[PDB]
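Structure record follows, encoded as structure tokens.
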2 protein chains.
Amino acid sequence: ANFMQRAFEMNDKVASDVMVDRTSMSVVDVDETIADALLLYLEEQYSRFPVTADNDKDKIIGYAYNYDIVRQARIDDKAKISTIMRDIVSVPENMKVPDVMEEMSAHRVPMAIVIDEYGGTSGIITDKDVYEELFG
Amino acid sequence: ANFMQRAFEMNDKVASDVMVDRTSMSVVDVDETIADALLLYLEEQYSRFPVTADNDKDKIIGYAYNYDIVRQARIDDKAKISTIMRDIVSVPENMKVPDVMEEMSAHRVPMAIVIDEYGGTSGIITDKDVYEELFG
């Protein structure tokens, strides 16, 4: 019910309990142009988009930040996502939530990619997903 | 140093321990244009700005969402912030942190304005300020 309990529950949860699952993700490709990313943002609002290699959801190489997209479009919207892309951290489905949070912190990324046993993509996690568990 | 210890502490903290104080807030005015607002976003990067009345930081009447700003800038950036402004909530300085996230939730807003005893602006709270507390 209350916050301190939601905190306790979440303390024991793992990456796969909290993540946005692979089937619900919206991605952009390393070879799409900024202009493409811009139109995607305007349509879906997410502030961070996982960037795929080879148009493969199972090959997330980083993320693109909405700020970076709208800023660069004013400059040269034909540039490729790769010119703005920034790093992520990957974590196994079974990592305890706080351990992922700390991984995101040690690596200084706002996105963790949850990976399966084969190294495919199970889903992703960001702060917005943590705030849902703690505050419905 | 760990999550559960960080959550315990925050549970006992008050709206003013955690807010962004008035001196650090960035505002836009209700009579400023989208064009203005876009230039601010591009310069300062926050995703939400408190919107003032009469250019007064002590009269916050809502917030402006970056998504609304970039989206509208493309249609008619001469439009005024009031055309896209959305609702806030206000809380007293001494309201316990979990209780405010609850007010925010109840009133479906992403921002609380922390009020002083005269009704002036003490500061603001958004999810981000919560994460800095639990994560960072």
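Chain labels run A, B, ... following the order of the structure tokens; each chain numbers its residues from 1, and ligands are numbered from 1 in the order shown.
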All strand (DSSP E) residues (DSSP, backbone) inside chain B, as a ChimeraX atom specification
/B:20-21,28-29,48-53,56-65,89-92,111-115,121-126
Emit the selected residues as a compact mmCIF listing (two decimals), in the first residue's frame, including N, CA, C and O atoms.
# COMPACT_ATOMS: atom_id res chain seq x y z
N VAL B 20 13.86 21.49 -5.91
CA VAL B 20 14.72 22.43 -6.58
C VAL B 20 14.22 23.81 -6.12
O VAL B 20 13.06 24.15 -6.34
N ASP B 21 15.08 24.57 -5.45
CA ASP B 21 14.63 25.79 -4.79
C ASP B 21 14.44 26.90 -5.81
O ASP B 21 14.98 26.84 -6.90
N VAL B 28 9.22 29.80 -17.70
CA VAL B 28 8.76 30.55 -18.86
C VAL B 28 7.50 31.31 -18.42
O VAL B 28 6.84 30.89 -17.48
N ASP B 29 7.18 32.41 -19.10
CA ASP B 29 5.99 33.21 -18.79
C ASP B 29 4.79 32.85 -19.68
O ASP B 29 4.96 32.46 -20.83
N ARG B 48 10.40 19.99 -18.49
CA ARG B 48 9.24 20.75 -17.99
C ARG B 48 9.67 22.06 -17.36
O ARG B 48 10.60 22.09 -16.56
N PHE B 49 8.97 23.13 -17.72
CA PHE B 49 9.21 24.44 -17.14
C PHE B 49 7.96 24.92 -16.44
O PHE B 49 6.86 24.81 -16.99
N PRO B 50 8.12 25.42 -15.20
CA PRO B 50 7.05 26.15 -14.52
C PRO B 50 6.72 27.36 -15.35
O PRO B 50 7.64 28.04 -15.84
N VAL B 51 5.43 27.59 -15.57
CA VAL B 51 4.99 28.79 -16.26
C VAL B 51 4.50 29.84 -15.26
O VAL B 51 3.63 29.58 -14.44
N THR B 52 5.10 31.02 -15.31
CA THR B 52 4.74 32.10 -14.40
C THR B 52 3.57 32.94 -14.91
O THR B 52 3.24 32.92 -16.09
N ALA B 53 2.93 33.65 -14.00
CA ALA B 53 2.03 34.74 -14.38
C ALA B 53 2.77 36.05 -14.19
O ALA B 53 3.60 36.16 -13.29
N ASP B 56 6.31 36.56 -12.76
CA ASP B 56 6.54 36.51 -11.33
C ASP B 56 6.84 35.06 -10.97
O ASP B 56 6.01 34.18 -11.21
N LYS B 57 8.02 34.78 -10.40
CA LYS B 57 8.30 33.40 -9.97
C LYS B 57 7.36 32.97 -8.84
O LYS B 57 7.19 31.78 -8.60
N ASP B 58 6.76 33.92 -8.14
CA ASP B 58 5.90 33.55 -7.02
C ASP B 58 4.47 33.25 -7.48
O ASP B 58 3.63 32.85 -6.68
N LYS B 59 4.21 33.42 -8.77
CA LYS B 59 2.90 33.08 -9.34
C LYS B 59 3.00 32.00 -10.43
O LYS B 59 2.83 32.28 -11.62
N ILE B 60 3.27 30.76 -10.02
CA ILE B 60 3.33 29.63 -10.95
C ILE B 60 1.93 29.09 -11.23
O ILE B 60 1.23 28.68 -10.31
N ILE B 61 1.51 29.07 -12.48
CA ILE B 61 0.14 28.68 -12.80
C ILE B 61 0.05 27.36 -13.57
O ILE B 61 -1.04 26.92 -13.95
N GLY B 62 1.20 26.73 -13.81
CA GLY B 62 1.24 25.46 -14.53
C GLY B 62 2.62 25.17 -15.10
O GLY B 62 3.59 25.86 -14.78
N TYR B 63 2.73 24.15 -15.94
CA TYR B 63 4.03 23.89 -16.55
C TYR B 63 3.93 23.74 -18.04
O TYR B 63 2.84 23.54 -18.58
N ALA B 64 5.08 23.85 -18.70
CA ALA B 64 5.16 23.62 -20.14
C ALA B 64 6.05 22.40 -20.44
O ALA B 64 7.20 22.34 -20.02
N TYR B 65 5.49 21.44 -21.18
CA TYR B 65 6.16 20.18 -21.50
C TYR B 65 6.99 20.34 -22.78
O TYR B 65 6.48 20.81 -23.78
N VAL B 89 0.38 21.07 -9.12
CA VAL B 89 -0.17 21.07 -7.77
C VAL B 89 0.81 21.69 -6.81
O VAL B 89 2.03 21.69 -7.04
N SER B 90 0.27 22.23 -5.72
CA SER B 90 1.07 22.95 -4.77
C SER B 90 0.98 22.28 -3.42
O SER B 90 -0.08 21.82 -3.00
N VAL B 91 2.11 22.24 -2.74
CA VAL B 91 2.23 21.53 -1.49
C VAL B 91 2.98 22.44 -0.51
O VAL B 91 3.76 23.29 -0.95
N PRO B 92 2.73 22.27 0.80
CA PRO B 92 3.47 23.02 1.81
C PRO B 92 4.89 22.48 2.01
O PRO B 92 5.14 21.29 1.79
N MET B 111 4.37 17.52 -11.65
CA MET B 111 5.11 18.56 -10.95
C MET B 111 4.33 19.14 -9.80
O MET B 111 3.15 19.45 -9.94
N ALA B 112 4.99 19.27 -8.66
CA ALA B 112 4.44 19.99 -7.52
C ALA B 112 5.23 21.25 -7.29
O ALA B 112 6.47 21.26 -7.43
N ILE B 113 4.51 22.32 -6.94
CA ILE B 113 5.14 23.57 -6.58
C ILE B 113 5.12 23.62 -5.08
O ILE B 113 4.06 23.49 -4.45
N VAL B 114 6.30 23.77 -4.49
CA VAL B 114 6.40 23.88 -3.04
C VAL B 114 6.15 25.35 -2.66
O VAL B 114 6.80 26.27 -3.17
N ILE B 115 5.15 25.55 -1.81
CA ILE B 115 4.64 26.89 -1.46
C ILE B 115 5.17 27.36 -0.11
O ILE B 115 5.35 26.56 0.79
N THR B 121 6.65 31.09 -4.02
CA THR B 121 7.25 29.82 -4.45
C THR B 121 8.53 29.52 -3.68
O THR B 121 9.48 30.30 -3.69
N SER B 122 8.52 28.37 -3.01
CA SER B 122 9.68 27.85 -2.31
C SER B 122 10.58 27.06 -3.26
O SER B 122 11.80 27.14 -3.19
N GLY B 123 9.95 26.31 -4.16
CA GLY B 123 10.68 25.41 -5.05
C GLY B 123 9.74 24.44 -5.75
O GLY B 123 8.52 24.56 -5.63
N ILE B 124 10.31 23.48 -6.50
CA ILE B 124 9.47 22.52 -7.20
C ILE B 124 9.98 21.10 -7.04
O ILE B 124 11.16 20.88 -6.77
N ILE B 125 9.08 20.14 -7.21
CA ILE B 125 9.45 18.72 -7.20
C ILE B 125 8.87 17.98 -8.40
O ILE B 125 7.71 18.17 -8.73
N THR B 126 9.71 17.18 -9.05
CA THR B 126 9.28 16.24 -10.09
C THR B 126 9.93 14.89 -9.85
O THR B 126 10.83 14.76 -9.01
For chain A, report every residue with an atom at most 10 Å from chain B (counting only C-alpha atoms), formatted as a ChimeraX atom specification.
/A:2-4,7-8,10-11,39,41-43,45-47,66-68,70-71,97-99,101-102,104-105,127-128,130-131,134-136
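The two atoms in question, atom CA of residue 87 of chain A and atom CA of residue 109 of chain A, are spaced 6.5 Å apart.
Here the question is which of A:100, A:75, A:110, A:119 gets nearest to residue 16 of chain A using only C-alpha atoms, and that residue is A:100.
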Show me, as a ChimeraX atom specification, the residues that have an atom within 8 Å of residue 34 of chain A when counting only C-alpha atoms, minus same-chain residues fewer than 3 positions from it.
/A:37-38,69,72-73,76-81
Next, dump the selected residues to file, keeping only N, CA, C and O atoms, as an mmCIF file, in the first residue's frame.
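Produced file selection_38.cif, reproduced below:
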data_model
loop_
_atom_site.group_PDB
_atom_site.id
_atom_site.type_symbol
_atom_site.label_atom_id
_atom_site.label_comp_id
_atom_site.auth_asym_id
_atom_site.auth_seq_id
_atom_site.Cartn_x
_atom_site.Cartn_y
_atom_site.Cartn_z
ATOM 1 N N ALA A 37 14.387 9.930 -36.771
ATOM 2 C CA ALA A 37 14.251 9.932 -35.332
ATOM 3 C C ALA A 37 13.289 11.040 -34.847
ATOM 4 O O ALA A 37 12.441 10.791 -34.004
ATOM 5 N N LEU A 38 13.423 12.251 -35.388
ATOM 6 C CA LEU A 38 12.574 13.368 -35.005
ATOM 7 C C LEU A 38 11.101 13.038 -35.186
ATOM 8 O O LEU A 38 10.313 13.218 -34.270
ATOM 9 N N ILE A 69 18.252 14.638 -30.698
ATOM 10 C CA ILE A 69 17.491 14.627 -31.943
ATOM 11 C C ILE A 69 16.950 16.018 -32.329
ATOM 12 O O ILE A 69 17.199 16.505 -33.453
ATOM 13 N N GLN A 72 19.876 18.450 -33.130
ATOM 14 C CA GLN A 72 20.633 18.182 -34.362
ATOM 15 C C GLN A 72 19.825 18.392 -35.649
ATOM 16 O O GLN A 72 20.380 18.838 -36.660
ATOM 17 N N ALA A 73 18.520 18.095 -35.609
ATOM 18 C CA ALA A 73 17.631 18.336 -36.757
ATOM 19 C C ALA A 73 17.674 19.784 -37.253
ATOM 20 O O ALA A 73 17.588 20.046 -38.451
ATOM 21 N N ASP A 76 21.473 19.631 -39.019
ATOM 22 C CA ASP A 76 21.591 18.807 -40.211
ATOM 23 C C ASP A 76 20.861 17.493 -39.992
ATOM 24 O O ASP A 76 21.432 16.552 -39.448
ATOM 25 N N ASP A 77 19.600 17.438 -40.410
ATOM 26 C CA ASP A 77 18.748 16.291 -40.120
ATOM 27 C C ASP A 77 19.032 15.068 -40.994
ATOM 28 O O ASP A 77 18.311 14.073 -40.924
ATOM 29 N N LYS A 78 20.062 15.144 -41.827
ATOM 30 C CA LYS A 78 20.416 14.013 -42.684
ATOM 31 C C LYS A 78 21.496 13.173 -42.029
ATOM 32 O O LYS A 78 21.755 12.054 -42.452
ATOM 33 N N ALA A 79 22.118 13.709 -40.985
ATOM 34 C CA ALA A 79 23.099 12.950 -40.229
ATOM 35 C C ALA A 79 22.447 11.700 -39.653
ATOM 36 O O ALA A 79 21.242 11.678 -39.414
ATOM 37 N N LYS A 80 23.253 10.662 -39.448
ATOM 38 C CA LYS A 80 22.775 9.343 -39.032
ATOM 39 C C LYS A 80 22.716 9.282 -37.527
ATOM 40 O O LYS A 80 23.504 9.936 -36.852
ATOM 41 N N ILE A 81 21.829 8.443 -37.002
ATOM 42 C CA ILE A 81 21.677 8.319 -35.559
ATOM 43 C C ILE A 81 23.029 8.096 -34.885
ATOM 44 O O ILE A 81 23.276 8.607 -33.796
#
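The space separating atom CA of residue 26 of chain B from atom CA of residue 120 of chain B comes to 15.5 Å.
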Run DSSP on the backbone and give me the residues of segment 61-105 of chain A it puts in alpha helix (DSSP H), as number ranges by chain.
A: 66-76, 97-105
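Atom CA of residue 12 of chain A to atom CA of residue 95 of chain A spans 9.8 Å [interatomic distance, one decimal].
Remark: for residue 107 of chain B, the closest of the candidate residues B:74, B:88, B:93, B:54 is B:88 (distances computed over only C-alpha atoms).
When only C-alpha atoms are used to measure the gap to residue 55 of chain A, the shortest distance among A:19, A:40, A:27, A:82 belongs to A:27.
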